[PDB]
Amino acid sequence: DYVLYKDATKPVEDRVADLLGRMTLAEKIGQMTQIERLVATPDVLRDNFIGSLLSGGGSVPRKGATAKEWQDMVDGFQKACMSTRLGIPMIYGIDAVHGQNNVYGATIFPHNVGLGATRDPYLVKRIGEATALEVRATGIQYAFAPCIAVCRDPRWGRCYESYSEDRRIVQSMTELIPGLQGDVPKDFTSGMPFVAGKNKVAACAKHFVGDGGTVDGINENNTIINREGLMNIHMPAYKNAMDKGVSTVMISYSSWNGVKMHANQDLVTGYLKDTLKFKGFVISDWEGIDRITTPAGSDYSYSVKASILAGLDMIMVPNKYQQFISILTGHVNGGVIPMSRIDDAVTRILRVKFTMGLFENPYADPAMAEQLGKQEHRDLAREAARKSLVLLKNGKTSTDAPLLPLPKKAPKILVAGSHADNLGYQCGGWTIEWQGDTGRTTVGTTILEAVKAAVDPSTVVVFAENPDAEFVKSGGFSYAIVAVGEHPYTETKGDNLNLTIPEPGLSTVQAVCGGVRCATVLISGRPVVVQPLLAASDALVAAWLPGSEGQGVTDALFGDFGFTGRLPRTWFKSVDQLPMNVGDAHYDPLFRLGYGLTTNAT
């Protein structure tokens, strides 16, 4: 007879209820299990009734794989799943955090902090639209974005993934969600999940609660703040996300006053689910539950109990799914965790799946393959890179002739610096590799290429990564552009207490600037010790981690557009000043939040 859940014309709650009613326990726990493509097999997926798969950073089919290779891999796995007794399609997730970043040729947008500098939530929405198209070009339906942490200490390895230290700004940027998922209906009820269909992806409001508030900005550490601070600083954005229909919510590795978020039922079930009435699914972070214990995974049985009772719906295992499934099966058999908990979890996961239309379109559209790196997206990244720049100084003394914007026609110029021609540096973490990488890792334009693409043909362009002072003084150059900065980093690799840029960086700037007037382009993921760099330069621009399209940078240096970005964070005088955010008592910044010089297009 008739199977209501397979009927695409039925209400999503009816289909969910129908399916749920036919699921054995193995099938239920299988849905709540997310595993890494690296441990996946058509059998594993089929036998274990696996409910979701993910690519961790750098987890790809082959280096330089095309978009159909991605689609082919995704479809392959999908086929195993569609071949279960219930044929419940799996959902494939990936960190498409500044474009479809793990994918070769994907358009790499400016990282978040640089996006905060734009104060343009519409442009952020447009990036989210572009991003969804580029993710769907590879056959993926779920992006682990946006990271709406409110970084309160830039020593935190992930501060670049936070739009601003000011939640008002982060709240404004949640426009990334309808960008990726498409806008919610007028009929829409906050907390309800939504995805417009196949050319859109399920989004994810990440690191549920207080990740950007850790002590000393130590990653995955503890957030010591009262409940009024939590809700006034770290909660706000999550509610906007609910009114925006964010599909999923990922839980943070961090602790709130000593309690792990992965084991916190008050905030996950009582608050996020009961109070905010979120109806999508709550997913753990990579080994998020193993981590509730110290040592991590020291009592995995406890991990499972703790996180499932707390409220998490889907578990990003991502490797030892055997152990996870065995254990959870055991806790239910022993009544330790009740079927209602399980059913609620599976209820949330199917709702998202049914809603986004996964049951109607579980495979990739070969037609979307050309979306990856589409030139129009690239033109958009270029826009956002340019808009995210913050001119910090444009002249050594109030009476100097402002250096920017530079003339395009000059007899000869120098482009110098470790970051002048390094695509991987320019893009930062979460790019091709998990930690990012160095060199020409993908398709794009470095500050050198962009400079050559900009200047008058009569303009001779000289590149020297690290020129000595005499080299510059004898070069008869009209001016120089020096690019220096941080190296790519992700997560704990980024936790940094000294916040000074690696050398040669200052020495090259001083070398070049001592000999010729220079515009310093600082590529960083955060505020870094800058008074020395400021001391040597005629003009200095904070480019943040601008992405693959370097022309956005020279679109401003050369006057094609004027500078408009403004600090999305406080620029500190020193690290012993930290934390120190707007509204503080010892507020004594080198540059206050909102700071930024302007110029006019030529």
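Heads up: residue numbers just count along the shown sequence, starting at 1.
Q: Out of 544 to 552 and 530 to 538, which one has CA B-factors that are higher on average in the deposited record?
A: Taking the mean B-factor of the alpha carbons in each, 530 to 538 is higher.
Q: Comparing 234 to 242 with 520 to 528, which has the greater mean CA B-factor as deposited?
A: The entry gives the higher C-alpha B-factor average to 234 to 242.
Q: Whose CA atom has the top B-factor in the entry, of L392, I140, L448, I501?
A: Highest CA B-factor of the listed options: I501.
Q: From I308, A296, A483, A196, which pick has the Cα B-factor that tops the rest in the entry?
A: In the PDB entry, the greatest C-alpha B-factor among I308, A296, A483, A196 is found at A296.
Q: How does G57 rank on Cα B-factor within its chain, lowest, middle or highest third?
A: Tercile = lowest for this residue's CA B-factor.
Q: Within this chain, which third does the Cα B-factor at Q577 fall in: lowest, middle or highest?
A: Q577: CA B-factor falls in the highest third of its chain.
Q: So where's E161 on the chain's Cα temperature factor ranking, which third?
A: CA B-factor rank for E161: lowest third.
Q: In terms of the CA temperature factor given in the entry, to which third of its chain does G64 belong: lowest, middle or highest?
A: CA B-factor rank for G64: highest third.
Q: Compared with the other modelled residues in the chain, in which third is the CA B-factor of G93?
A: For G93, the deposited C-alpha B-factor lands in the lowest third.
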